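Asks: Structure file protein.cif, mmCIF, N, CA and C atoms, is pasted below:
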```
data_protein
loop_
_atom_site.group_PDB
_atom_site.id
_atom_site.type_symbol
_atom_site.label_atom_id
_atom_site.label_comp_id
_atom_site.auth_asym_id
_atom_site.auth_seq_id
_atom_site.Cartn_x
_atom_site.Cartn_y
_atom_site.Cartn_z
ATOM 1 N N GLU A 4 76.314 109.352 110.335
ATOM 2 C CA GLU A 4 77.423 110.157 110.918
ATOM 3 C C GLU A 4 78.576 109.257 111.369
ATOM 4 N N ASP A 5 78.577 108.010 110.904
ATOM 5 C CA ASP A 5 79.643 107.076 111.253
ATOM 6 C C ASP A 5 80.879 107.399 110.413
ATOM 7 N N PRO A 6 81.990 107.763 111.069
ATOM 8 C CA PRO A 6 83.250 108.100 110.400
ATOM 9 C C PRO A 6 83.650 107.116 109.290
ATOM 10 N N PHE A 7 83.272 105.852 109.445
ATOM 11 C CA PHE A 7 83.621 104.856 108.444
ATOM 12 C C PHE A 7 83.189 105.274 107.042
ATOM 13 N N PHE A 8 81.933 105.680 106.905
ATOM 14 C CA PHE A 8 81.416 106.067 105.602
ATOM 15 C C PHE A 8 82.025 107.338 105.024
ATOM 16 N N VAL A 9 82.551 108.200 105.887
ATOM 17 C CA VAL A 9 83.177 109.423 105.419
ATOM 18 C C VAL A 9 84.504 109.053 104.769
ATOM 19 N N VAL A 10 85.292 108.241 105.468
ATOM 20 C CA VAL A 10 86.582 107.801 104.947
ATOM 21 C C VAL A 10 86.351 106.923 103.717
ATOM 22 N N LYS A 11 85.353 106.046 103.792
ATOM 23 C CA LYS A 11 85.043 105.171 102.667
ATOM 24 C C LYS A 11 84.782 106.033 101.436
ATOM 25 N N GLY A 12 84.051 107.130 101.632
ATOM 26 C CA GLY A 12 83.759 108.029 100.533
ATOM 27 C C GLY A 12 85.028 108.614 99.940
ATOM 28 N N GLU A 13 85.935 109.048 100.809
ATOM 29 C CA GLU A 13 87.202 109.626 100.371
ATOM 30 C C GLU A 13 88.066 108.629 99.613
ATOM 31 N N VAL A 14 88.066 107.383 100.083
ATOM 32 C CA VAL A 14 88.853 106.322 99.468
ATOM 33 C C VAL A 14 88.327 105.995 98.077
ATOM 34 N N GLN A 15 87.005 105.895 97.948
ATOM 35 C CA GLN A 15 86.391 105.594 96.664
ATOM 36 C C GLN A 15 86.676 106.696 95.650
ATOM 37 N N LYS A 16 86.644 107.948 96.097
ATOM 38 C CA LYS A 16 86.920 109.064 95.193
ATOM 39 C C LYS A 16 88.382 108.999 94.745
ATOM 40 N N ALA A 17 89.277 108.712 95.690
ATOM 41 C CA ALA A 17 90.706 108.611 95.394
ATOM 42 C C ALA A 17 90.970 107.469 94.408
ATOM 43 N N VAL A 18 90.284 106.347 94.618
ATOM 44 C CA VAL A 18 90.419 105.186 93.744
ATOM 45 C C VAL A 18 90.016 105.577 92.324
ATOM 46 N N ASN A 19 88.901 106.290 92.214
ATOM 47 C CA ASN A 19 88.399 106.738 90.926
ATOM 48 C C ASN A 19 89.446 107.563 90.179
ATOM 49 N N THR A 20 90.105 108.474 90.890
ATOM 50 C CA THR A 20 91.133 109.307 90.277
ATOM 51 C C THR A 20 92.348 108.461 89.905
ATOM 52 N N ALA A 21 92.657 107.466 90.727
ATOM 53 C CA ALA A 21 93.798 106.602 90.454
ATOM 54 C C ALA A 21 93.543 105.810 89.173
ATOM 55 N N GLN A 22 92.280 105.485 88.909
ATOM 56 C CA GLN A 22 91.916 104.745 87.703
ATOM 57 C C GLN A 22 92.299 105.578 86.481
ATOM 58 N N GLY A 23 91.999 106.875 86.545
ATOM 59 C CA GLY A 23 92.307 107.773 85.444
ATOM 60 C C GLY A 23 93.801 107.945 85.251
ATOM 61 N N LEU A 24 94.519 108.140 86.351
ATOM 62 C CA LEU A 24 95.962 108.311 86.294
ATOM 63 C C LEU A 24 96.637 107.047 85.786
ATOM 64 N N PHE A 25 96.102 105.894 86.182
ATOM 65 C CA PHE A 25 96.649 104.607 85.762
ATOM 66 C C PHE A 25 96.498 104.420 84.259
ATOM 67 N N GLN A 26 95.314 104.751 83.749
ATOM 68 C CA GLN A 26 95.040 104.648 82.323
ATOM 69 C C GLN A 26 96.028 105.529 81.567
ATOM 70 N N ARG A 27 96.243 106.745 82.054
ATOM 71 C CA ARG A 27 97.185 107.646 81.400
ATOM 72 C C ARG A 27 98.607 107.089 81.493
ATOM 73 N N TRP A 28 98.990 106.650 82.689
ATOM 74 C CA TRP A 28 100.311 106.076 82.911
ATOM 75 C C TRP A 28 100.543 104.963 81.895
ATOM 76 N N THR A 29 99.529 104.124 81.706
ATOM 77 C CA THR A 29 99.602 103.013 80.764
ATOM 78 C C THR A 29 99.887 103.517 79.350
ATOM 79 N N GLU A 30 99.160 104.542 78.918
ATOM 80 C CA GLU A 30 99.359 105.112 77.587
ATOM 81 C C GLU A 30 100.779 105.650 77.406
ATOM 82 N N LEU A 31 101.318 106.265 78.452
ATOM 83 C CA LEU A 31 102.657 106.823 78.385
ATOM 84 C C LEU A 31 103.727 105.738 78.220
ATOM 85 N N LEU A 32 103.377 104.498 78.557
ATOM 86 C CA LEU A 32 104.298 103.368 78.432
ATOM 87 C C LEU A 32 104.635 103.063 76.974
ATOM 88 N N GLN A 33 103.973 103.752 76.051
ATOM 89 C CA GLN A 33 104.212 103.535 74.629
ATOM 90 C C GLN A 33 105.543 104.095 74.130
ATOM 91 N N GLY A 34 106.167 104.958 74.925
ATOM 92 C CA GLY A 34 107.454 105.511 74.533
ATOM 93 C C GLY A 34 107.505 106.987 74.167
ATOM 94 N N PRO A 35 108.646 107.450 73.622
ATOM 95 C CA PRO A 35 108.923 108.829 73.193
ATOM 96 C C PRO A 35 107.990 109.356 72.102
ATOM 97 N N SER A 36 107.281 108.452 71.434
ATOM 98 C CA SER A 36 106.366 108.856 70.375
ATOM 99 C C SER A 36 105.039 109.323 70.952
ATOM 100 N N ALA A 37 104.820 109.061 72.235
ATOM 101 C CA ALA A 37 103.568 109.459 72.859
ATOM 102 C C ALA A 37 103.751 110.020 74.262
ATOM 103 N N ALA A 38 104.978 110.378 74.626
ATOM 104 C CA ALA A 38 105.211 110.898 75.967
ATOM 105 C C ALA A 38 106.555 111.582 76.171
ATOM 106 N N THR A 39 106.550 112.639 76.977
ATOM 107 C CA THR A 39 107.778 113.354 77.297
ATOM 108 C C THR A 39 108.161 112.822 78.670
ATOM 109 N N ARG A 40 109.418 113.010 79.049
ATOM 110 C CA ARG A 40 109.903 112.538 80.334
ATOM 111 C C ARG A 40 109.186 113.199 81.508
ATOM 112 N N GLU A 41 108.797 114.460 81.342
ATOM 113 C CA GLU A 41 108.101 115.191 82.403
ATOM 114 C C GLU A 41 106.690 114.642 82.627
ATOM 115 N N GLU A 42 106.033 114.240 81.543
ATOM 116 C CA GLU A 42 104.683 113.693 81.635
ATOM 117 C C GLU A 42 104.691 112.433 82.479
ATOM 118 N N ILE A 43 105.653 111.559 82.204
ATOM 119 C CA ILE A 43 105.797 110.307 82.934
ATOM 120 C C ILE A 43 106.113 110.591 84.404
ATOM 121 N N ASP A 44 107.005 111.543 84.649
ATOM 122 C CA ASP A 44 107.374 111.893 86.021
ATOM 123 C C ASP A 44 106.177 112.404 86.836
ATOM 124 N N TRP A 45 105.497 113.435 86.342
ATOM 125 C CA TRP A 45 104.346 113.960 87.074
ATOM 126 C C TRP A 45 103.212 112.950 87.172
ATOM 127 N N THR A 46 102.930 112.256 86.073
ATOM 128 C CA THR A 46 101.857 111.268 86.070
ATOM 129 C C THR A 46 102.147 110.179 87.092
ATOM 130 N N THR A 47 103.376 109.676 87.082
ATOM 131 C CA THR A 47 103.778 108.641 88.026
ATOM 132 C C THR A 47 103.655 109.180 89.441
ATOM 133 N N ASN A 48 104.163 110.390 89.654
ATOM 134 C CA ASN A 48 104.117 111.026 90.971
ATOM 135 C C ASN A 48 102.706 111.160 91.554
ATOM 136 N N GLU A 49 101.775 111.683 90.762
ATOM 137 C CA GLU A 49 100.411 111.873 91.237
ATOM 138 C C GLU A 49 99.713 110.545 91.478
ATOM 139 N N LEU A 50 99.963 109.579 90.601
ATOM 140 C CA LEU A 50 99.360 108.260 90.740
ATOM 141 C C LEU A 50 99.828 107.653 92.054
ATOM 142 N N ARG A 51 101.137 107.707 92.289
ATOM 143 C CA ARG A 51 101.716 107.175 93.515
ATOM 144 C C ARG A 51 101.152 107.871 94.746
ATOM 145 N N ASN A 52 100.949 109.185 94.657
ATOM 146 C CA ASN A 52 100.405 109.933 95.787
ATOM 147 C C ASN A 52 99.022 109.390 96.148
ATOM 148 N N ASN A 53 98.183 109.188 95.136
ATOM 149 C CA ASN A 53 96.838 108.679 95.360
ATOM 150 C C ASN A 53 96.818 107.280 95.966
ATOM 151 N N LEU A 54 97.665 106.387 95.455
ATOM 152 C CA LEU A 54 97.718 105.016 95.967
ATOM 153 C C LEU A 54 98.200 104.979 97.415
ATOM 154 N N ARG A 55 99.212 105.784 97.722
ATOM 155 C CA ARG A 55 99.757 105.874 99.074
ATOM 156 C C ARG A 55 98.649 106.370 100.008
ATOM 157 N N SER A 56 97.952 107.413 99.568
ATOM 158 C CA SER A 56 96.863 107.994 100.337
ATOM 159 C C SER A 56 95.769 106.969 100.638
ATOM 160 N N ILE A 57 95.466 106.132 99.653
ATOM 161 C CA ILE A 57 94.443 105.112 99.805
ATOM 162 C C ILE A 57 94.877 104.062 100.829
ATOM 163 N N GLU A 58 96.114 103.592 100.719
ATOM 164 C CA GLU A 58 96.593 102.579 101.650
ATOM 165 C C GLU A 58 96.588 103.064 103.097
ATOM 166 N N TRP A 59 96.972 104.316 103.324
ATOM 167 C CA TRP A 59 96.969 104.840 104.687
ATOM 168 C C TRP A 59 95.556 104.942 105.261
ATOM 169 N N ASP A 60 94.596 105.349 104.431
ATOM 170 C CA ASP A 60 93.218 105.448 104.892
ATOM 171 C C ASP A 60 92.695 104.056 105.233
ATOM 172 N N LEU A 61 93.009 103.081 104.381
ATOM 173 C CA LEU A 61 92.570 101.709 104.604
ATOM 174 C C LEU A 61 93.209 101.217 105.892
ATOM 175 N N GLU A 62 94.479 101.564 106.076
ATOM 176 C CA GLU A 62 95.207 101.181 107.278
ATOM 177 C C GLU A 62 94.409 101.709 108.472
ATOM 178 N N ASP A 63 94.043 102.987 108.423
ATOM 179 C CA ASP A 63 93.267 103.576 109.512
ATOM 180 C C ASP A 63 91.961 102.806 109.730
ATOM 181 N N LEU A 64 91.240 102.497 108.654
ATOM 182 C CA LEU A 64 89.983 101.758 108.782
ATOM 183 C C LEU A 64 90.194 100.361 109.394
ATOM 184 N N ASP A 65 91.286 99.698 109.019
ATOM 185 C CA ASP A 65 91.604 98.377 109.557
ATOM 186 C C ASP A 65 91.796 98.467 111.075
ATOM 187 N N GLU A 66 92.665 99.385 111.494
ATOM 188 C CA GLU A 66 92.972 99.603 112.906
ATOM 189 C C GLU A 66 91.734 99.927 113.730
ATOM 190 N N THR A 67 90.814 100.681 113.138
ATOM 191 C CA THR A 67 89.584 101.051 113.824
ATOM 192 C C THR A 67 88.731 99.806 114.042
ATOM 193 N N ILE A 68 88.529 99.038 112.976
ATOM 194 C CA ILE A 68 87.739 97.811 113.041
ATOM 195 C C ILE A 68 88.354 96.829 114.043
ATOM 196 N N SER A 69 89.677 96.725 114.039
ATOM 197 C CA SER A 69 90.366 95.828 114.956
ATOM 198 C C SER A 69 89.867 96.071 116.378
ATOM 199 N N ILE A 70 89.706 97.344 116.731
ATOM 200 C CA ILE A 70 89.237 97.731 118.059
ATOM 201 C C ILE A 70 87.823 97.236 118.387
ATOM 202 N N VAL A 71 86.870 97.534 117.505
ATOM 203 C CA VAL A 71 85.465 97.154 117.686
ATOM 204 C C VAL A 71 85.184 95.675 117.425
ATOM 205 N N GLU A 72 86.053 95.058 116.636
ATOM 206 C CA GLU A 72 85.926 93.657 116.256
ATOM 207 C C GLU A 72 85.635 92.709 117.418
ATOM 208 N N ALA A 73 86.244 92.972 118.571
ATOM 209 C CA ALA A 73 86.051 92.124 119.744
ATOM 210 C C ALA A 73 84.631 92.181 120.298
ATOM 211 N N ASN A 74 84.130 93.394 120.515
ATOM 212 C CA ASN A 74 82.795 93.593 121.066
ATOM 213 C C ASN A 74 81.937 94.447 120.126
ATOM 214 N N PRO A 75 81.509 93.871 118.991
ATOM 215 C CA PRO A 75 80.685 94.559 117.990
ATOM 216 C C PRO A 75 79.461 95.284 118.556
ATOM 217 N N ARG A 76 78.592 94.529 119.219
ATOM 218 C CA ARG A 76 77.365 95.062 119.797
ATOM 219 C C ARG A 76 77.569 96.242 120.755
ATOM 220 N N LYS A 77 78.697 96.266 121.460
ATOM 221 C CA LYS A 77 78.972 97.353 122.393
ATOM 222 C C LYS A 77 78.897 98.700 121.681
ATOM 223 N N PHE A 78 79.306 98.713 120.417
ATOM 224 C CA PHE A 78 79.295 99.938 119.632
ATOM 225 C C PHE A 78 78.060 100.015 118.749
ATOM 226 N N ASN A 79 77.088 99.144 119.011
ATOM 227 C CA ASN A 79 75.869 99.087 118.208
ATOM 228 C C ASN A 79 76.223 98.847 116.741
ATOM 229 N N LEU A 80 77.045 97.827 116.516
ATOM 230 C CA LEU A 80 77.486 97.439 115.182
ATOM 231 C C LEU A 80 77.406 95.919 115.096
ATOM 232 N N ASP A 81 76.714 95.402 114.085
ATOM 233 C CA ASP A 81 76.596 93.955 113.934
ATOM 234 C C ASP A 81 77.851 93.364 113.302
ATOM 235 N N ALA A 82 78.120 92.101 113.614
ATOM 236 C CA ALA A 82 79.287 91.416 113.079
ATOM 237 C C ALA A 82 79.199 91.310 111.557
ATOM 238 N N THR A 83 77.982 91.216 111.030
ATOM 239 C CA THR A 83 77.788 91.126 109.584
ATOM 240 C C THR A 83 78.308 92.407 108.940
ATOM 241 N N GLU A 84 77.876 93.545 109.482
ATOM 242 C CA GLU A 84 78.288 94.854 108.989
ATOM 243 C C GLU A 84 79.810 94.986 109.037
ATOM 244 N N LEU A 85 80.409 94.489 110.115
ATOM 245 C CA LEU A 85 81.856 94.539 110.278
ATOM 246 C C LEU A 85 82.514 93.676 109.195
ATOM 247 N N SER A 86 81.861 92.572 108.844
ATOM 248 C CA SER A 86 82.379 91.683 107.812
ATOM 249 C C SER A 86 82.381 92.417 106.476
ATOM 250 N N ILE A 87 81.284 93.127 106.210
ATOM 251 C CA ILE A 87 81.116 93.901 104.989
ATOM 252 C C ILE A 87 82.147 95.026 104.913
ATOM 253 N N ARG A 88 82.405 95.677 106.047
ATOM 254 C CA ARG A 88 83.377 96.763 106.072
ATOM 255 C C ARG A 88 84.775 96.240 105.771
ATOM 256 N N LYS A 89 85.112 95.082 106.334
ATOM 257 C CA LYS A 89 86.417 94.483 106.097
ATOM 258 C C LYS A 89 86.531 94.116 104.618
ATOM 259 N N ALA A 90 85.396 93.748 104.023
ATOM 260 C CA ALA A 90 85.339 93.363 102.613
ATOM 261 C C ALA A 90 85.630 94.552 101.703
ATOM 262 N N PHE A 91 85.181 95.736 102.101
ATOM 263 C CA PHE A 91 85.448 96.914 101.294
ATOM 264 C C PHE A 91 86.948 97.194 101.310
ATOM 265 N N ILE A 92 87.590 96.952 102.448
ATOM 266 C CA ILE A 92 89.031 97.170 102.560
ATOM 267 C C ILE A 92 89.748 96.181 101.642
ATOM 268 N N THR A 93 89.350 94.917 101.724
ATOM 269 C CA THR A 93 89.945 93.869 100.908
ATOM 270 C C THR A 93 89.808 94.159 99.417
ATOM 271 N N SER A 94 88.591 94.453 98.976
ATOM 272 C CA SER A 94 88.351 94.759 97.568
ATOM 273 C C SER A 94 89.188 95.953 97.108
ATOM 274 N N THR A 95 89.245 96.995 97.935
ATOM 275 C CA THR A 95 90.015 98.182 97.583
ATOM 276 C C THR A 95 91.510 97.881 97.528
ATOM 277 N N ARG A 96 92.007 97.134 98.511
ATOM 278 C CA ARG A 96 93.425 96.810 98.545
ATOM 279 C C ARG A 96 93.819 96.011 97.306
ATOM 280 N N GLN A 97 92.913 95.160 96.826
ATOM 281 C CA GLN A 97 93.162 94.355 95.631
ATOM 282 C C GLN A 97 93.341 95.256 94.399
ATOM 283 N N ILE A 98 92.467 96.249 94.263
ATOM 284 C CA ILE A 98 92.545 97.177 93.139
ATOM 285 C C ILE A 98 93.892 97.897 93.175
ATOM 286 N N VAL A 99 94.280 98.334 94.369
ATOM 287 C CA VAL A 99 95.544 99.028 94.555
ATOM 288 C C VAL A 99 96.705 98.105 94.224
ATOM 289 N N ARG A 100 96.671 96.893 94.776
ATOM 290 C CA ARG A 100 97.727 95.920 94.537
ATOM 291 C C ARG A 100 97.957 95.673 93.053
ATOM 292 N N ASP A 101 96.879 95.446 92.312
ATOM 293 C CA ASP A 101 97.005 95.181 90.887
ATOM 294 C C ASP A 101 97.687 96.328 90.164
ATOM 295 N N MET A 102 97.377 97.560 90.562
ATOM 296 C CA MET A 102 97.997 98.718 89.939
ATOM 297 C C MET A 102 99.484 98.796 90.289
ATOM 298 N N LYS A 103 99.819 98.580 91.559
ATOM 299 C CA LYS A 103 101.216 98.633 91.993
ATOM 300 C C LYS A 103 102.034 97.515 91.354
ATOM 301 N N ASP A 104 101.424 96.337 91.223
ATOM 302 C CA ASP A 104 102.094 95.191 90.616
ATOM 303 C C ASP A 104 102.468 95.486 89.171
ATOM 304 N N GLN A 105 101.513 95.994 88.399
ATOM 305 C CA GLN A 105 101.796 96.309 87.007
ATOM 306 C C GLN A 105 102.868 97.404 86.905
ATOM 307 N N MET A 106 102.780 98.424 87.751
ATOM 308 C CA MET A 106 103.775 99.487 87.719
ATOM 309 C C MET A 106 105.166 98.920 88.019
ATOM 310 N N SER A 107 105.220 97.938 88.913
ATOM 311 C CA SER A 107 106.483 97.315 89.270
ATOM 312 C C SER A 107 106.962 96.396 88.147
ATOM 313 N N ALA A 108 106.013 95.800 87.437
ATOM 314 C CA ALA A 108 106.322 94.884 86.348
ATOM 315 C C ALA A 108 106.776 95.618 85.091
ATOM 316 N N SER A 109 106.556 96.930 85.060
ATOM 317 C CA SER A 109 106.949 97.742 83.914
ATOM 318 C C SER A 109 108.280 98.438 84.169
#
```
Represent the supplied structure as structure tokens.

Replies:
Amino acid sequence: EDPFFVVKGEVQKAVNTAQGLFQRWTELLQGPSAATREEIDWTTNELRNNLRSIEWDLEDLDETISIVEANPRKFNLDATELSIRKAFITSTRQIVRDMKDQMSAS
């Protein structure tokens, strides 16, 4: 019943959908022979919505950990577990970054 895992679940699902939108976005980069202007607009829009949503959730998770980080045991949470949680944020942010970087590079 730890809120962390609920948000983590939501973030992972969002990431999964972003993977699909990214793949499609990539295909649309082929030009007018494989994409209409509306397809690129909506596809870009939804992809961006998902990435933004992911970053805000991660932001929330970071801020939460920042609080407990000082006194782990007080909340019945081990420092190792906190390390692992921070790692999920890092790994997720990397996936997001790579997608945003390529979109910016295109």

Asks: Find, counting only C-alpha atoms, the residue in A:49, A:58, A:72, A:104 that gets nearest to residue 92 in chain A.

Replies: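 Counting only C-alpha atoms, the residue closest to residue 92 in chain A is A:58.
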
Asks: Between atom C of residue 64 in chain A and atom N of residue 26 in chain A, what is the distance in Å, rounded to a tenth?

Replies: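 For atom C of residue 64 in chain A relative to atom N of residue 26 in chain A, the distance reads 26.5 Å.
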
Asks: Looking at only C-alpha atoms, which of A:105, A:86, A:97, A:79 is the one that sits closest to residue 25 in chain A?

Replies: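 Of the candidates, the smallest distance to residue 25 in chain A is held by A:105.
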
Asks: To one decimal place in Å, what is the distance between CA of residue 108 in chain A and atom C of residue 43 in chain A?

Replies: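 Interatomic distance, CA of residue 108 in chain A to atom C of residue 43 in chain A: 15.8 Å.
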
Asks: Go through A:81, A:68, A:63, A:24 and flag the residue nearest residue 46 in chain A, using all atoms listed in the file for the distances.

Replies: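 Result for the nearest residue to residue 46 in chain A: A:24.
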
Asks: List every residue of chain A that DSSP, applied to the backbone of this structure, places in alpha helix (DSSP H), and write the result as a ChimeraX atom specification.

Replies: /A:6-31,40-72,82-108

Asks: For a quick check of understanding, using only C-alpha atoms, which of A:106, A:87, A:54, A:70 has the smallest distance to residue 18 in chain A?

Replies: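 For residue 18 in chain A, the nearest of the candidates is A:54.
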
Asks: Please indicate the distance in Å from atom C of residue 17 in chain A to atom N of residue 56 in chain A, rounded to one decimal place.

Replies: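 So the two atoms, atom C of residue 17 in chain A and atom N of residue 56 in chain A, lie 8.7 Å apart.
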
Asks: Could you list, as a PyMOL selection string, every residue matched by the PyMOL selection byres (((chain A and resi 47 and name CA) around 12) and name CA) in this structure?

Replies: chain A and resi 21+23-32+40-46+48-54+102-103+106-107
